[PDB]
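Participant: Take this structure first; my questions come after.
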Amino acid sequence: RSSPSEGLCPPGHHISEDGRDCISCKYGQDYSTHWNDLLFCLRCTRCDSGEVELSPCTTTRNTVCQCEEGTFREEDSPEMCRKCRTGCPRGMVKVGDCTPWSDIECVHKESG
Amino acid sequence: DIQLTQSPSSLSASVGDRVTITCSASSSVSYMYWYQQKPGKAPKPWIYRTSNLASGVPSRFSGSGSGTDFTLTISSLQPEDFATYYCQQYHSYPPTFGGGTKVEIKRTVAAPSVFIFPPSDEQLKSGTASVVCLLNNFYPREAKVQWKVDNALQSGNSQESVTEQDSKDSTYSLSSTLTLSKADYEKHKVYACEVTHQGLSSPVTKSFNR
Amino acid sequence: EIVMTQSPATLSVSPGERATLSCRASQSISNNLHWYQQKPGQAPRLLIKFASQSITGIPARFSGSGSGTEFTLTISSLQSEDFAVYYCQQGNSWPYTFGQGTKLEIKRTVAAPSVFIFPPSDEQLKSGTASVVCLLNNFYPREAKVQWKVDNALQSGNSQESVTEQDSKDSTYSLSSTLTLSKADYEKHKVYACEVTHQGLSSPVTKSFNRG
Amino acid sequence: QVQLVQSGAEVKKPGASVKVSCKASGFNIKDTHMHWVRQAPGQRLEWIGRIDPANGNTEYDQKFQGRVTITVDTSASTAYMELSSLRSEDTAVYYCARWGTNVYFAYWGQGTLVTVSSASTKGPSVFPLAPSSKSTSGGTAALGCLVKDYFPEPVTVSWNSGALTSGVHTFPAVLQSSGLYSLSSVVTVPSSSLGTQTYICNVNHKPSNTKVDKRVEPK
Amino acid sequence: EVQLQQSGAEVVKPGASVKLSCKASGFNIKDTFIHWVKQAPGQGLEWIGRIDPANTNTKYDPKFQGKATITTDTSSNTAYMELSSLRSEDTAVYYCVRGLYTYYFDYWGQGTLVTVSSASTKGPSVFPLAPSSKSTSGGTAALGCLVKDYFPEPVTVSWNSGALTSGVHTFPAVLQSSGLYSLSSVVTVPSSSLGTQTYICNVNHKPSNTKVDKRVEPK
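Protein chains in written order, with our numbering: chain A, 1 to 112; chain B, 1001 to 1210; chain C, 2001 to 2212; chain D, 3001 to 3219; chain E, 4001 to 4219.
Written out as structure tokens, the structure is:
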């Protein structure tokens, strides 16, 4: 019976202290990406020294950054940009290449 | 931890009355949140940010308070409002709740219709024996029972249970049950429950012989 | 530039104590703060990465915290190994920038300097230049003051000081001021002295000599 | 559209652990902290712990540290709480909830009944509670049905297959020292109507698949 | 094991340039960002610039753009920094630095002492610092060895061919107004032992191939 919107402020906005009124996020400073009840808009991400800016912040979408360079984001750690391995070690062949979303892939040359 | 102390524990009050529940805090608090829990149900958030009503909540309700002292206030009660009310704070880690205040209906005093029921023939065949004393449709809840087996004040041999307030009568009913093995039950003969209550002005006793 | 500001500048502590060094940043840098230890006459060592993340082969007592603009390095119980300069460094924005360092110093009982004076050698006077030497040895704290008096004349710009690091044994300091003057000025005057003011004296101490 | 469906009621023995699920819909779990909350029978609310579902980062109250593991599955949009090495003290209703200093509203799950006892399932032993054939009160006499030695909760009770509703008082159950529950239900009746009308109590214990019908007659 | 050998200490006149090497071992240069860092005498660390040796791609701090240029020789596995149109302001220790991440440095080179002055090489003039014949007793008795008018750094000093270690204080050198360095080293001694035991200071200035041994006796 009830809606996705129902009860909530729209994206690009945040709810007020008063529990009713919807206040707009500031383009560039902050953002809000879904029908929500956020007390404040989320601070827009600023791209890191070791990053490249693929999108600027809107009120409905956070800044999109990427490692680029010759580096990649590591998932198991904090999500930070490590430098890609240049080459595969001895006995192993390069099977994937350095992306912003991944280090090179090595695999055995079917030895041992 | 900011320890929350809610006073009073309970409040027997009648329809149409102004009710003021307090919630004191062991250290200062920026905002206070109130919930209404009805029996067998999840708590309903009722007040946010000290004073802001939750949507769909009557205008008679109001929250107030500053630092260490906060109050929920209901300008005139109604049957929907009879439930336990908890206060909470989460602004200072960790979140802490009050111990609740249960609001109950206030009615004229009513003496209990007292009855006694012996252990059944089938029960005695098993070997355990459970005597039942009933106190029915009374007010207030505050009542007490003393099981006397041949004028012997018994203790730790019985357990009580009490109903919730009736939607119709707003009375209570209580059932204490003296449980004993047939060894003790056969050897004695006279069984009774002395019932004291505000509405009696005198202890009322009902009894049986084996 | 993002400016990294480290407080305090110095920190007099003894072994066994906790140390908390702070590093403020002029703009938010998320977690992108890194601590380094530089010991005297050595290359810096990374202690902590990304505000709080420990580095292998570094003692557990070292620990970091912070985000945004305020970060703190903490050493749960100091050891003689640990008395050194500590720098913080940000990697969030080009150009990368360091804090100005917090130097940890051993804190010990006050010790008055054993003061000595040394005249210019016979060999030096042959050359034509003359260098008088006033030595202040094994003292604490580092804060000390010297006034060269030649026939009760307060001299200025004629001398240079140098100070040792804290003694690994005593944790004291030693200082050497050197009054340098040509033969011409040195021969014409006779009484030479250095007035040494210090916390451990209560009164300026002067040691002196005459020519020949 | 906002909902928090929790898992079914669990009955477990001491020492054994239990994992309680809490499935969320109609809002972003990641927006704010998901917390679990204990409520003992007719008692205080006790905060157990919280998880930041973006991080997976847990924080607990000292009481439950070492004994509770809250977890989340953002992809599934569901939170879980594992509670280990159980005791009879942990007999409680466990609630899953959402709240925080960055969001205005708060939403709560329905709750999960978790009972902890060494006792295993047991059907009841029903007994009559017949009236004194004396009409001492005068006009109205009392009749009852005893329900003893069963496990676990709950028992449903009706009278004359639900025909008699007014005047009825089915009590709260009570834990005996044996570890078994025990309850009674009662009805007030006109003393003039005792002889003609026979009175039957109907007792249902769905956990042990036992349905009982027993008569109540004078003397 | 991972290592970063840097070039020897360079002594250069103003205007003249210098190429600093930094030879990497125990890993492939191409697997790590390499940065260079300036440290003025007893002062702050200044990041100069960074190079991705796979790419040959440089990033610098604007301060140094046009003064410092960083390069690699991947085939030799050594990084370089060229430093031009020098000033006395550029007197510094230059550090070569390595990281698997851009953001921070996991290993550091030993550093290269780069001194910038118009002055040319000079051996020292060693002088004694004899104890005053009038002064005796006190807290102790002090003896020293003056090292004046040399260039460049460093000087090593020992006492009685390294026999006396305790009580010794070799000071930091000081730049004089003349443009030449000057050092003193001192030893505390028992005043009772001055007559019997002669005391010799040993002074080594490897840049000018000057080894000096001089006695210290009372006057």
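Just so you know, even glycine gets a beta-carbon here, dropped at the ideal spot from N, CA and C.
(1) Would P1095/B count as contacting chain D if we go by Cβ distances under 7 Å?
(2) Secondary structure at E68/A, three-state DSSP: helix, strand or coil?
(3) What does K2049/C touch in chain E if you count any residue whose Cβ is under 7 Å from its own?
(4) I'd like to know whether the C-beta atoms of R73/A and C67/A end up nearer to each other than 7 Å.
(5) In the DSSP assignment, find the alpha helix (DSSP H) that holds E2187/C and state where it starts and stops.
(6) Nearest chain A C-beta to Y3104/D closer than 7 Å, yes or no?
(7) Nearest to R2061/C by CA position, among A2111/C, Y2173/C, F2209/C and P2015/C, is which residue?
(8) Please determine, among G28/A, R20/A and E105/A, the residue with the shortest C-alpha to C-alpha distance to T58/A.
(9) Quick one: measure Cβ to Cβ for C2194/C and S2177/C, integer angstroms, because I've assumed they're closer than 8 Å.
(10) So with CB distances below 8 Å, who are the chain A contacts of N3028/D?
(11) For a contact defined as C-beta to C-beta under 8 Å, what are the partners of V3002/D on chain A?
(12) So, is the C-beta of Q3062/D closer than 7 Å to a C-beta in chain B?
(13) Just to confirm, are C3145/D and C3096/D a CB contact at a threshold of 7 Å?
(14) My understanding is that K2207/C touches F2116/C, with C-beta atoms under 8 Å, so please give their C-beta distance in whole angstroms.
(15) Would you say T1068/B reaches chain D, if we count a Cβ-Cβ gap shorter than 7 Å as a contact?
(16) Kindly identify the DSSP beta-bridge partner or partners of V1145/B.
(17) What residues of chain B sit near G19/A, judged by a beta carbon separation below 9 Å?
(18) Indicate whether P4218/E and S4118/E have their beta-carbon atoms separated by less than 7 Å.
(19) With DSSP run on the structure shown, which of helix, strand or coil describes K4019/E?
(20) Going along the chain, which residues of its own chain have a beta-carbon closer than 7 Å to the beta-carbon of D2170/C, five neighbours each way excluded?
(21) Do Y4060/E and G50/A have their CB atoms nearer than 7 Å?
(22) With DSSP collapsed to three states, give me the class of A2051/C.
(23) Between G2068/C and chain A, is the shortest Cβ-Cβ distance under 7 Å, so that the two count as touching?
(24) Are there 16 or more other CB atoms within 10 angstroms of the CB of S1173/B, so buried, or fewer, so exposed?
(25) Select from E3089/D, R3050/D and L3083/D the residue whose C-alpha is nearest the C-alpha of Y1093/B.
(26) Could you check the C-alpha separation between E1160/B and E1194/B for me, to the nearest Å?
(27) Verify whether the separation of the beta carbon atoms of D37/A and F3105/D is less than 7 Å.
(28) Along the stretch 35-59 of chain A, where does the CB come closer than 8 Å to a CB of chain C? Name the residues.
(29) Applying a beta-carbon distance threshold of less than 7 Å, which residues of chain A neighbour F4033/E?
(30) What are the start and end residues of the alpha helix (DSSP H) that includes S2/A?
(31) What first and last residue would you give for the beta strand (DSSP E) that runs through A3024/D?
(32) For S1113/B and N1136/B, which I take to be in contact (beta-carbon distance under 8 Å), what is that distance rounded to the nearest angstrom?
(33) Report the option in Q3197/D, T3069/D, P3041/D and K3013/D whose CA atom is closest to the CA atom of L3164/D.
(34) Please name the residue in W3108/D, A3119/D and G3123/D whose C-alpha comes closest to that of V3011/D.
(35) Please tell me whether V4157/E and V4212/E are closer than 7 Å, where the distance is taken between their beta carbons.
(36) State yes or no: is the beta carbon of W4159/E nearer than 7 Å to at least one beta carbon in chain C?
Facilitator: Taking the definition as stated:
(1) yes
(2) coil
(3) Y4104
(4) yes
(5) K2183 to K2188
(6) yes
(7) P2015/C
(8) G28/A
(9) 7 Å
(10) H34 and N36
(11) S2 and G7
(12) no
(13) no
(14) 7 Å
(15) no
(16) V1195/B
(17) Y1048, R1049, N1052, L1053, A1054 and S1055
(18) no
(19) strand
(20) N2138
(21) no
(22) coil
(23) no
(24) buried
(25) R3050/D
(26) 14 Å
(27) yes
(28) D48, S49 and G50
(29) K83
(30) No alpha helix (DSSP H) holds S2/A; DSSP gives it neither H nor E.
(31) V3018 to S3025
(32) 5 Å
(33) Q3197/D
(34) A3119/D
(35) no
(36) no
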